[PDB]
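Chemist: If you scroll down you'll find the structure; I have some questions about it.
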Amino acid sequence: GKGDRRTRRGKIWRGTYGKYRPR
Amino acid sequence: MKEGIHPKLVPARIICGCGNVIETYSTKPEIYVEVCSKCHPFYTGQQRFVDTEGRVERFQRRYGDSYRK
Amino acid sequence: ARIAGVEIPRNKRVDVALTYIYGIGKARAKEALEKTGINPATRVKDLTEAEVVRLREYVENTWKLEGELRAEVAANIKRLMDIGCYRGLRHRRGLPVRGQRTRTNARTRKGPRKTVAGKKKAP
Amino acid sequence: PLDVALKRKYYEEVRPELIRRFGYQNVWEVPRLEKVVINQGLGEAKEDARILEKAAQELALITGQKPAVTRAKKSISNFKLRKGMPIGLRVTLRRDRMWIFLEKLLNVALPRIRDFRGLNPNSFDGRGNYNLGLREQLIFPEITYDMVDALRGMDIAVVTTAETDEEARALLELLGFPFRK
Amino acid sequence: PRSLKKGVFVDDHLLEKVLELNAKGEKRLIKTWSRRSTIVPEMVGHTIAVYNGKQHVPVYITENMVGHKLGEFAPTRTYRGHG
RNA sequence: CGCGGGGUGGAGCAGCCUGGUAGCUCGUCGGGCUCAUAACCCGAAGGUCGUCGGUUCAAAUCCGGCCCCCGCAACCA
RNA sequence: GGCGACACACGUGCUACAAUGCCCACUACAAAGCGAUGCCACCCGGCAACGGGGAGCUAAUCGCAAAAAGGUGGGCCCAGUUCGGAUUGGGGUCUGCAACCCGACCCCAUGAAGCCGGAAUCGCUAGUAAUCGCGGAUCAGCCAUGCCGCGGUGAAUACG
RNA sequence: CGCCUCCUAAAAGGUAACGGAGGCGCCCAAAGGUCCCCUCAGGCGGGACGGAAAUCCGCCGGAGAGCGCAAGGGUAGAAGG
Ligand SMILES: [K+]
Ligand SMILES: [Mg+2]
Ligand SMILES: [Mg+2]
Ligand SMILES: [Mg+2]
Ligand SMILES: [Mg+2]
Ligand SMILES: [Mg+2]
Ligand SMILES: [Mg+2]
Ligand SMILES: [Mg+2]
Ligand SMILES: [Mg+2]
Ligand SMILES: [Mg+2]
Ligand SMILES: [Mg+2]
Ligand SMILES: [Mg+2]
Ligand SMILES: [Mg+2]
Ligand SMILES: [Mg+2]
Ligand SMILES: [Mg+2]
Ligand SMILES: [Mg+2]
Ligand SMILES: [Mg+2]
Ligand SMILES: [Mg+2]
Ligand SMILES: [Mg+2]
Ligand SMILES: [Mg+2]
Ligand SMILES: [Mg+2]
Ligand SMILES: [Mg+2]
Ligand SMILES: [Mg+2]
Ligand SMILES: [Mg+2]
Ligand SMILES: [Mg+2]
Ligand SMILES: [Mg+2]
Ligand SMILES: [Mg+2]
Ligand SMILES: [Mg+2]
Ligand SMILES: [Mg+2]
Ligand SMILES: [Mg+2]
Ligand SMILES: [Mg+2]
Ligand SMILES: [Mg+2]
Ligand SMILES: [Mg+2]
Ligand SMILES: [Mg+2]
Ligand SMILES: [Mg+2]
Ligand SMILES: [Mg+2]
Ligand SMILES: [Mg+2]
Ligand SMILES: [Mg+2]
Ligand SMILES: [Mg+2]
Ligand SMILES: [Mg+2]
Ligand SMILES: [Mg+2]
Ligand SMILES: [Mg+2]
Ligand SMILES: [Mg+2]
Ligand SMILES: [Mg+2]
Ligand SMILES: [Mg+2]
Ligand SMILES: [Mg+2]
Ligand SMILES: [Mg+2]
Ligand SMILES: [Mg+2]
Ligand SMILES: [Mg+2]
Ligand SMILES: [Mg+2]
Ligand SMILES: [Mg+2]
Ligand SMILES: [Mg+2]
Ligand SMILES: [Mg+2]
Ligand SMILES: [Zn+2]
Numbered sequence: 002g003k004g005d006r007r008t009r010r011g012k013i014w015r016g017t018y019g020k021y022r023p024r
Numbered sequence: 001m002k003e004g005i006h007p008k009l010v011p012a013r014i015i016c017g018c019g020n021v022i023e024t025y026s027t028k029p030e031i032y033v034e035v036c037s038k039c040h041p042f043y044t045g046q047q048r049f050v051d052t053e054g055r056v057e058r059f060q061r062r063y064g065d066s067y068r069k
Numbered sequence: 002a003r004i005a006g007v008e009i010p011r012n013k014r015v016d017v018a019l020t021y022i023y024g025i026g027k028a029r030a031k032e033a034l035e036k037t038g039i040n041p042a043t044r045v046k047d048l049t050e051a052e053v054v055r056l057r058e059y060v061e062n063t064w065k066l067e068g069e070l071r072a073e074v075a076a077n078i079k080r081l082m083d084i085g086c087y088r089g090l091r092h093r094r095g096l097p098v099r100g101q102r103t104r105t106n107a108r109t110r111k112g113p114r115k116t117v118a119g120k121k122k123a124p
Numbered sequence: 002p003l004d005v006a007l008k009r010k011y012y013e014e015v016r017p018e019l020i021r022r023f024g025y026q027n028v029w030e031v032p033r034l035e036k037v038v039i040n041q042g043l044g045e046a047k048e049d050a051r052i053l054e055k056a057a058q059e060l061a062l063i064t065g066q067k068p069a070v071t072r073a074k075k076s077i078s079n080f081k082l083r084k085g086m087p088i089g090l091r092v093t094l095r096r097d098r099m100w101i102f103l104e105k106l107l108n109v110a111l112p113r114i115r116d117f118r119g120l121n122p123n124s125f126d127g128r129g130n131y132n133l134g135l136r137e138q139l140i141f142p143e144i145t146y147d148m149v150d151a152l153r154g155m156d157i158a159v160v161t162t163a164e165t166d167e168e169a170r171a172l173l174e175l176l177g178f179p180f181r182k
Numbered sequence: 002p003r004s005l006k007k008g009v010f011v012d013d014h015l016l017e018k019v020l021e022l023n024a025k026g027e028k029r030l031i032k033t034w035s036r037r038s039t040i041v042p043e044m045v046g047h048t049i050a051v052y053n054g055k056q057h058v059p060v061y062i063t064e065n066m067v068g069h070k071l072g073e074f075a076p077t078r079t080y081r082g083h084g
């Protein structure tokens, strides 16, 4: 879910990037 | 020993995860185990596992002495 | 009782099964398998006895798990409580530790509500 | 009798080390193992079931010896206990069946305890006997998680002829009992 | 935490206070307001008076509380529960 | 030391007879409706049964002493 | 230092309780805005936050930029789970004189309540509700899930 | 108001008062017969859940346990299991 930061969905929510949502 | 009330003990081969084999008697002819006494980290002498730390926290919080002497 | 001391559930893929071990999330499940050549899709039921010990050996030796991890987590809380730092008082009285406000929620840390009586109006 | 590794070890290794450790003038002075008594004080099966069966069947697999029922001596209201209710299983292991169980208890069972850090050195009888307690019965190799239905533990009494704790601790460590401290 | 590309933070004025004591055969009672100054190995054995906003609480510093800030040991709010 | 009855959540009453299970109405507290209150609606908490002692595996319940509180009786002389 | 307290109580919201869903990879289609100790292409270090290089743009030109739901392919198979992401341990990053009280982010681990919510109660009549994402003001940073805007997909129903 | 136990009852028996205290009006198909075997309570030390007290082990322990229910007598060289 959007609250799960360790996912490509939660990173979109916080507007941030990481291993779980790279660019 | 009373007749007909006990399970027959038979020669038994016990197999551990460290390729170890034990020749004992049991009610099952061959038993496989994931751990024995020949490899338990307590049994195998000191065998300090993942933790050789102690700790080194905390006074080993060096890096660095970069305040001017 | 297979690896470490927990039986990882059969019928599931091996990568999710290993997560049922305290100390292994999804990313560590990704490692151990790849570092040992076991198809992450293989069902636990369908692993060699050779693959059991190969998966087991690495898992149990690379990182500390179940009981020891809890003992080292407990040791650090205990340490914070012993020295008397502000985090140590939080873990004592049972209040949150990471800056969260307590006027309203904190229920995960406080537990069920303890409803009290309130101040009254005038008729 | 027959050949069990632990027994042959008691004579070959442990007896001479004991004599040279303590100076026994008589060969019957040196400590011996006498019996192993296993106690499952259940009480869950007071009336809630005759689960004593599935628990004696597993005690029978672990020891090779059919357990016997123990019944409540007195009645106890707080315990919900009428005098005579079947509230446990006890089995007295002696001679070779004692060795075979002790041999597996050290070689496979105690290591299978999770967070195992050695047997308590303080649990000696004061008079040379030892007791320990287990919380799971699947610590033993004859028991599998598929064959179990509910976790039951036990008390293990190992009786020796040693007059003192000091002699008995030497007897049990030399045989291979990992003591914590 | 503070980016270790930068140093471990001590307000310097407090750090002088302790290195003089070591040199002169410590220890005096050290009263500071730098609740932020990181506890640093040159402090163990001393006792620093930390201002929590009202008072200077004494703080005896031991080896097992080094990676911390001084304010951690002089709490700022007194509680005692509700009636 | 004439004979009865009674003592249990805050109030008033079950439960005792027949030992194992504390209950009912109001009240009290949190929410709701109302502009607000009451009523009303939704939730919850509070009694180790006057007391000491005994019987029993187990006592509010059964037995004995004490405390307290109401009721009856006290006739022929 | 406190405005961030916490036996409690209420309002407004975010995230969900899953399969019309979740997850990974591939691949499409916006609008309105902002941008000179500003936005940062691309490049190497790093699992990542970021760091170091380093073009272009005083901006219908260069940049923020990837829009997301969607479309395709594959994985999960009804579990308190590959649902959910609170809480907590450890390790870092960055802005800042300074992140103890009291920052945001990233990574390993931890993985709570929650199985659709009592009495009661809110909004919306159409490109509306619902759902998807995007930008701006404030601003060193930011507790923004708030506000002011922006388009994407797109219903049900009105007897009275 | 009949029955049982203890005391009063003055070391045989018996012995009164509106003298001091309790109990009975059942029960058991084994709680009966016999044979064979077994020995308690409690104290302390030891043992997962497990507590003052469940079950287990060692040591001590002549009977203070038990013997359906009052009391007394009796009793493990059994009447107890
Ligand atoms: K008359
Ligand atoms: Mg997830
Ligand atoms: Mg220095
Ligand atoms: Mg796990
Ligand atoms: Mg706070
Ligand atoms: Mg000799
Ligand atoms: Mg045999
Ligand atoms: Mg001792
Ligand atoms: Mg086993
Ligand atoms: Mg002995
Ligand atoms: Mg009262
Ligand atoms: Mg009352
Ligand atoms: Mg009645
Ligand atoms: Mg009744
Ligand atoms: Mg009631
Ligand atoms: Mg009210
Ligand atoms: Mg008005
Ligand atoms: Mg009202
Ligand atoms: Mg109620
Ligand atoms: Mg009374
Ligand atoms: Mg009762
Ligand atoms: Mg007359
Ligand atoms: Mg509420
Ligand atoms: Mg909100
Ligand atoms: Mg709300
Ligand atoms: Mg942006
Ligand atoms: Mg769960
Ligand atoms: Mg639940
Ligand atoms: Mg999950
Ligand atoms: Mg932390
Ligand atoms: Mg801060
Ligand atoms: Mg479900
Ligand atoms: Mg609904
Ligand atoms: Mg309208
Ligand atoms: Mg959604
Ligand atoms: Mg800003
Ligand atoms: Mg916050
Ligand atoms: Mg926004
Ligand atoms: Mg008569
Ligand atoms: Mg009669
Ligand atoms: Mg006489
Ligand atoms: Mg007499
Ligand atoms: Mg006569
Ligand atoms: Mg006469
Ligand atoms: Mg009578
Ligand atoms: Mg008959
Ligand atoms: Mg009889
Ligand atoms: Mg008979
Ligand atoms: Mg004990
Ligand atoms: Mg016990
Ligand atoms: Mg009796
Ligand atoms: Mg009686
Ligand atoms: Mg007697
Ligand atoms: Zn082994």
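Chains as they are written, first to last, in the entry's author numbering: chain 1u, 2 to 24; chain 14, 1 to 69; chain 1m, 2 to 124; chain 1G, 2 to 182; chain 1s, 2 to 84. For each residue, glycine too, the CB sits at the ideal point set by N, CA and C.
Roughly how many whole angstroms lie between the Cα atoms of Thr-33 (chain 1s) and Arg-108 (chain 1m)?
Modeler: Roughly 37 angstroms between the two C-alpha positions.
Chemist: Measuring CA to CA, which of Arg-78 (chain 1s), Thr-77 (chain 1s) and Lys-18 (chain 1s) is closest to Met-44 (chain 1s)?
Modeler: Checking every option, the nearest Cα to that of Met-44 (chain 1s) belongs to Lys-18 (chain 1s).
Chemist: Taking all protein chains shown into account, decide if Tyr-11 (chain 1G) is buried (16 or more other Cβ within 10 angstroms of its Cβ) or exposed.
Modeler: Answer is buried; the Cβ neighbour count reaches 16.
Chemist: Less than 9 angstroms between the beta carbons of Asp-166 (chain 1G) and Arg-128 (chain 1G), yes or no?
Modeler: Cβ atoms of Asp-166 (chain 1G) and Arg-128 (chain 1G): closer than 9 angstroms.
Chemist: Evaluate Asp-49 (chain 1G) with the Cβ neighbour count: other Cβ atoms within 10 Å of its Cβ, from every protein chain shown; 16 or more gives buried, anything less gives exposed.
Modeler: The residue in question, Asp-49 (chain 1G), is exposed, as its Cβ has fewer than 16 Cβ neighbours within 10 Å.
Chemist: Taking the Cβ atom as the reference point for each residue, do residue 1 (chain 1G) and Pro-2 (chain 1G) lie within a distance shorter than 9 angstroms?
Modeler: Not covered by the structure: residue 1 (chain 1G). The range shown for chain 1G is 2 to 182.
Chemist: Is there a C-beta anywhere in chain 1G that falls below 9 angstroms from the one on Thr-52 (chain 14)?
Modeler: So, not an interface residue.
Chemist: If distances are taken between C-alpha atoms only, which option among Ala-46 (chain 1G), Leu-139 (chain 1G), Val-5 (chain 1G) and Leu-60 (chain 1G) comes closest to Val-109 (chain 1G)?
Modeler: Looking at the Cα atoms, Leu-139 (chain 1G) is the closest of the given residues.
Chemist: Let me know the secondary structure DSSP gives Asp-16 (chain 1m) once reduced to three states.
Modeler: Residue state, collapsed to three classes: helix.
Chemist: Helix, strand or coil for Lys-31 (chain 1m), going by three-state DSSP, please let me know.
Modeler: In the structure shown, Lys-31 (chain 1m) sits in a helix (DSSP, three-state: H, G or I).
Chemist: Out of curiosity, what's the CA-to-CA distance linking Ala-75 (chain 1m) and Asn-65 (chain 1s)?
Modeler: For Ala-75 (chain 1m) and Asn-65 (chain 1s), the distance between alpha carbons rounds to 16 angstroms.
Chemist: Here's the rule: buried if 16 or more other CB atoms are within 10 angstroms of the residue's CB, otherwise exposed. What is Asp-83 (chain 1m)?
Modeler: Result: exposed.
Chemist: Consider the Cβ of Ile-78 (chain 1m): report whether some Cβ of chain 1s lies at a distance smaller than 9 angstroms.
Modeler: Closer than 9 angstroms: no.
Chemist: For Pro-7 (chain 14), which three-state DSSP category applies?
Modeler: The answer is coil: DSSP assigns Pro-7 (chain 14) none of H, G, I, E or B.
Chemist: Taking Cβ to Cβ, would you say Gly-68 (chain 1s) is nearer than 9 angstroms to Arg-68 (chain 14)?
Modeler: Contact flag unset, no.
Chemist: Buried or exposed, going by whether 16 or more other CB atoms sit within 10 Å of the CB of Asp-150 (chain 1G)?
Modeler: Counting Cβ neighbours within 10 Å, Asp-150 (chain 1G) comes out exposed, since fewer than 16 surround it.
Chemist: By Cβ distance, which residues of its chain are closer than 8 angstroms to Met-148 (chain 1G), with the 5 residues on each side in sequence left out?
Modeler: Correct list, in chain order: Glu-59.
Chemist: Cβ of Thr-20 (chain 1m) within 8 angstroms of any heavy atom in ligand 4?
Modeler: Because some heavy atom of ligand 4 lies under 8 angstroms away, the Cβ of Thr-20 (chain 1m) counts as near it: yes.
Chemist: Could you please give the first and the last residue of the uninterrupted beta strand (DSSP E) stretch that includes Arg-91 (chain 1G)?
Modeler: Segment 87-94, the beta strand (DSSP E) holding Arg-91 (chain 1G).
Chemist: Hey, which unbroken runs of the alpha helix (DSSP H) at 4 residues or more fall wholly within the region 45-90 of chain 1G?
Modeler: As far as the region 45-90 of chain 1G is concerned, its whole alpha helix (DSSP H) runs of at least 4 residues are 53-64.
Chemist: May I ask you to report which of helix, strand or coil DSSP gives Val-19 (chain 1s)?
Modeler: Note: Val-19 (chain 1s) maps to helix in three-state DSSP.
Chemist: How about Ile-4 (chain 1m): is its C-beta nearer than 9 angstroms to some C-beta of chain 14?
Modeler: Interface residue, yes.
Chemist: Going by CA-CA distance only, name the one from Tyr-131 (chain 1G), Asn-130 (chain 1G) and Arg-136 (chain 1G) that's closest to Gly-42 (chain 1G).
Modeler: The shortest Cα separation from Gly-42 (chain 1G) among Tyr-131 (chain 1G), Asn-130 (chain 1G) and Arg-136 (chain 1G) belongs to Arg-136 (chain 1G).
Chemist: Would you report the Cα separation of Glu-23 (chain 14) and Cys-36 (chain 14), rounded to the nearest angstrom?
Modeler: Roughly 13 angstroms between the two C-alpha positions.
Chemist: From the beta carbon of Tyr-146 (chain 1G), is the nearest beta carbon of chain 1m less than 9 angstroms away?
Modeler: Judged by the 9 angstroms Cβ criterion, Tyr-146 (chain 1G) is in contact with chain 1m.
Chemist: Does the beta carbon of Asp-156 (chain 1G) fall short of 8 angstroms from some heavy atom of ligand 3?
Modeler: Incorrect: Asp-156 (chain 1G) has no Cβ contact closer than 8 angstroms to ligand 3.
Chemist: What does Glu-73 (chain 1m) reach in chain 1G if we use C-beta pairs closer than 7 angstroms?
Modeler: The contacting residues do not exist; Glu-73 (chain 1m) stays about 12 angstroms from chain 1G at best.
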